Each structure stands twice: as C-alpha cells, then as structure tokens.
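Here is the naming used below: chain letters follow the sequence lines, and residue numbers restart at 1 for every chain. Counting convention: from 1, in listed order, for ligands and their atoms alike. Reckoned from all heavy atoms, side chains included, excluding hydrogens, waters and symmetry mates.
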2 protein chains.
Amino acid sequence: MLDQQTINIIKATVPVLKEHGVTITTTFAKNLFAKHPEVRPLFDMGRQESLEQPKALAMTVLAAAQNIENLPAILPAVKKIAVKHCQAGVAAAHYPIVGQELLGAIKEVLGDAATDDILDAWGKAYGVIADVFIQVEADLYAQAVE
Amino acid sequence: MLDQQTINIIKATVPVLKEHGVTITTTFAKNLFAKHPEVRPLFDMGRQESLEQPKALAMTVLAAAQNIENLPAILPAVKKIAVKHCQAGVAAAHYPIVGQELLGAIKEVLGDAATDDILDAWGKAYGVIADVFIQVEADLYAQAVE
Ligand code: HEM
Ligand code: HEM
C-alpha cells in the first residue's frame, strides 16, 4: 500500500509522464522485446505493428497509476485484462520484468526530470497495481484447474 | 482489494456493528482466549482487566474498516501497532485465527442481522486490513535481523 507522501508524488508527476507518453511506452516496448526476447511469443508478432500491444500495456499502467486512489472503480477493467493474461499464460514472475523495464523507460525518456525519489514512487505504485492483477489471475487460474 | 459492491456493504453495516460494539469486542475477546488459549501469553494477563487489550484489537479492526477507502490516512497508526506486534512476536499465521473469531463474534452478537452476504464482506475487509499489517510487520522483522 502507498503512503500519502508517495501518492502525492504520483499525483504531481503523472502529467509529466503523460506529456511524454508515446515516447515512454514506445521505449518500454522496444526495450522489453530487445532485452527479454523470451516474452515475444506471448504477444501478436504481426510484421508491421508489433509494438502496439506492449505500448498499450505501459499506457494502461500509467492510467491505473493516475487512478491509484480509486482502483475499485477500475477493477472491472483489470478483470477483463486478467482473462487475456491468463489465456496468454502470464505468470506472477513476469511482473518484476515488466516493472523494471517500465521504470527504465521512464528514466530513459524523462532524463533528469525523473529523480530517484520520483522513480522510487513509481516503482511502489507499479507494485500495488501488479499485486491486484496477480491476485485476480491467481484465482482465475485456480478456478480452471480445480 | 475490495470491489465497490463489497465496499458499499461495509459502509451500510459499520453503524450496525458500532451500535453493538462493546458486545462484539467483549465476545471476541472471551471467545479468543477460550478457544485459542495459546495466544494468552502474548497479552498482559493482569487479574481484573485482562480483556481490555483484545477488546481494543477488535475495536480497531472495526475502526479501520470504517476507514477502508482511506487506509493511507491511518498508516501511521498501523505502523505504531506493528512495532508492538513485532515486539510481542505476532506472526502472519495468527491473522486468520483472529479473523475467524471476529467474524464469529459478529454473527454471535448480531444474530439474523448478520447475513451471509454481510459476513462475507466483513471477511474480505478483514483480509485487506490484515494484509497491510502483515506487510509492515514482515519488513520490520527483516530490518531487525539483517
Ligand atoms: C503490470 C500491469 C499490467 C497492465 C496494466 C497490463 C495491461 C494490459 C492491457 C491493457 C492489455 C491489452 C492490450 C490490447 O489489446 O491493446 C494487455 C495485454 C497483454 N499483456 Fe498485459 N498488463 C500488465 C502486465 C503484463 C505483464 C507482466 C505481461 C507479461 C508479459 C503482460 C503481457 C501481456 C500479453 C501477452 C497481452 C496479450 C495482448 C492481447 O491479447 O491484447 N501484461 N496487458
Ligand atoms: C487484524 C488486525 C489487527 C489490528 C487492527 C490490531 C490492533 C491492535 C491494537 C490497537 C493494539 C493495541 C491495544 C492497546 O494497547 O490498547 C493491539 C495490541 C496487541 N495485539 Fe493486535 N491487532 C490486529 C491483529 C492482531 C493479531 C492477529 C494478534 C495476534 C495474537 C494481535 C495481538 C496483539 C497483541 C499481543 C498486542 C499487545 C498488547 C499491547 O501491547 O497493547 N493483534 N493490536
């Protein structure tokens, strides 16, 4: 769970990230497929627009973060994505890889505007968001096997 | 995390529980020490007022639940309690025992006013609250050993 100070940092910086949003998500997607090529097969690798799915991944993290004090209002969105995640075989162990690369992309694009304090706050926000997905997906996986 | 429907149930029933608050917490305390006598030594078993600590335990759960959509505002209270929990040697495995007995006490006192749907919602709220304590305490324990 986030403390108020961390929430305030997210609130203050979400608009900076969104101003650079296409560049962050595009950098994330490129870095993810270049540094972790093992995740490529899980996505649709159509020749031209092969970055659109991982760009939307990163963009949705940013959108969930801007909504971090009302995650219950977006739980129905989280559940729809979870079904797709479970059908693609996304595992809890994938989530730290994605978080690492997203934080890396934010620093790569924002430069000195992404301080250690700001990156730490985004890291904590990502963890809270990921934990919701992991739990929903764990339950869905358990329903399908029992 | 709670969904909105569950949050609404907690919001609607917290005042019913508080109207019976002394009776719920007293019943919880008696049942806890009678059905799980192994937890007795962790508390202060002074002759007369030996129920005041576990009554305050239950009352604070109810207070956290009424604040379940702003847990960040009570995190400083959670941290102070966590230090006491860690000094008493409270373990993650204690939390389902306490939740079981608190839900049992709520049903015992409220009777037919505590429906299955209401009890299920209080069970989910307890889990979210306990998870915050467990995480804070896990970190504190790790600081003291490393
Ligand atoms: C951390 C929070 C995450 C969020 C908010 C999120 C969000 C999304 C969204 C919105 C989509 C739909 C994309 C679209 O159809 O346009 C998606 C799809 C997908 N994501 Fe996630 N994701 C997260 C984590 C992950 C992780 C850790 C992986 C692991 C590789 C992952 C892999 C996938 C895959 C394989 C798809 C399938 C594409 C599709 O069917 O649309 N996602 N994710
Ligand atoms: C589930 C959420 C819980 C909450 C909100 C909570 C709350 C509290 C509070 C407010 C106190 C201080 C009591 C006072 O001094 O008046 C306390 C103390 C204590 N609680 Fe917890 N508690 C929880 C879980 C537990 C659990 C699972 C145990 C396991 C047995 C536990 C055992 C203790 C003990 C041994 C004390 C020491 C009494 C003291 O130093 O005051 N608590 N708890």
Task: Worked verdict on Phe43(B) versus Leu57(B) for side chain to side chain contact (heavy atoms under 4.5 Å, CB included) - done: CA-CA 11 Å; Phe43(B) 296 85; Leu57(B) 191 170; 4.2 Å; yes
Task: Side chain, backbone, both or neither: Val98(B) near ligand 2, heavy atoms under 4.0 Å - done: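 It is the side chain that gets close, since no backbone atom is under 4.0 Å.
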Task: Under-4.0 Å heavy-atom contact between protein and atom 39 (C) of ligand 2 - done: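 Yes, there is one.
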Task: Verify atom 24 (C) of ligand 1: protein non-hydrogen atom under 4.0 angstrom away - done: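 Under the 4.0 Å cut-off, atom 24 (C) of ligand 1 does have protein heavy-atom neighbours.
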Nearest non-hydrogen protein atom, [atom]:
{"atom": "atom 4 (C) of ligand 1", "result": "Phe133(A) CZ, 3.9 Å"}
{"atom": "atom 36 (C) of ligand 1", "result": "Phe43(A) CE2, 4.1 Å"}
{"atom": "atom 16 (O) of ligand 2", "result": "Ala56(B) CB, 3.6 Å"}
{"atom": "atom 10 (C) of ligand 2", "result": "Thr60(B) OG1, 3.3 Å"}

- [ ] Calculate, to the nearest 0.5 Å, the distance between atoms CD and OG1 belonging to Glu52(B) and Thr25(B) respectively.
- [x]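 Going from CD on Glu52(B) over to OG1 on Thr25(B), the span is 8.5 Å.
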Task: Between CG on residue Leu51(B) and CE on residue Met45(B), distance to nearest 0.5 Å - done: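 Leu51(B) atom CG to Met45(B) atom CE measures 8.0 Å (nearest 0.5 Å).
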Open item on the list: If you count every heavy atom of other residues, nucleotides or ligands that lies below 6.0 Å from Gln5(B) atom CD, does the total exceed 12?
Closed with: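 Not more than 12 within 6.0 Å, no.
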For [X] and [Y], which I'm curious about, is there any donor-acceptor pair between the side chains at under 3.5 Å?
{"X": "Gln135(B)", "Y": "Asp139(B)", "value": "yes"}
{"X": "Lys11(B)", "Y": "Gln66(B)", "value": "no"}
{"X": "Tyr141(A)", "Y": "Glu146(A)", "value": "no"}

- [ ] Check the angle between the aromatic planes of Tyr95(A) and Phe133(A) and answer parallel, tilted or perpendicular using the 30° and 60° thresholds.
- [x]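 Tilted: the ring planes of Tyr95(A) and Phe133(A) meet at 30° to 60°.
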- [ ] May I ask you to check if ligand 1 and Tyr126(A) share an N or O to N or O distance below 3.5 Å?
- [x]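 No: no nitrogen or oxygen of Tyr126(A) is under 3.5 Å from one in ligand 1.
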TODO: Give yes or no for whether the N/O distance cutoff of 3.5 Å, strictly under, is met between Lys84(A) and ligand 1.
DONE: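 N/O-N/O distance below 3.5 Å exists for this pair.
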- [ ] Check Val90(A) against ligand 1 and report side chain, backbone, both or neither, counting heavy atoms closer than 4.0 Å.
- [x]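 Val90(A) to ligand 1: side-chain contact only, backbone stays beyond 4.0 Å.
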- [ ] With heavy atoms only and a cut-off of under 4.0 Å, state how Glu52(A) meets ligand 1: side chain, backbone, both or neither.
- [x]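 No part of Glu52(A) is near ligand 1 at this cut-off.
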Heavy atoms only: which of [options] is nearest to [atom]?
{"atom": "atom 17 (C) of ligand 1", "options": "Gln53(A), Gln87(A), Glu137(A), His85(A)", "value": "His85(A)"}
{"atom": "atom 6 (C) of ligand 2", "options": "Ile97(B), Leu57(B), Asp131(B), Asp44(B)", "value": "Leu57(B)"}
{"atom": "atom 30 (C) of ligand 1", "options": "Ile81(A), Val83(A), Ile134(A), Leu42(A)", "value": "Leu42(A)"}

Open item on the list: Hydrophobic clustering (ILVMFWY, side-chain heavy atoms < 4.5 Å, transitive) - are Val132(A) and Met1(A) grouped together?
Closed with: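 They do not share one cluster, since no chain of ILVMFWY contacts under 4.5 Å joins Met1(A) to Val132(A).
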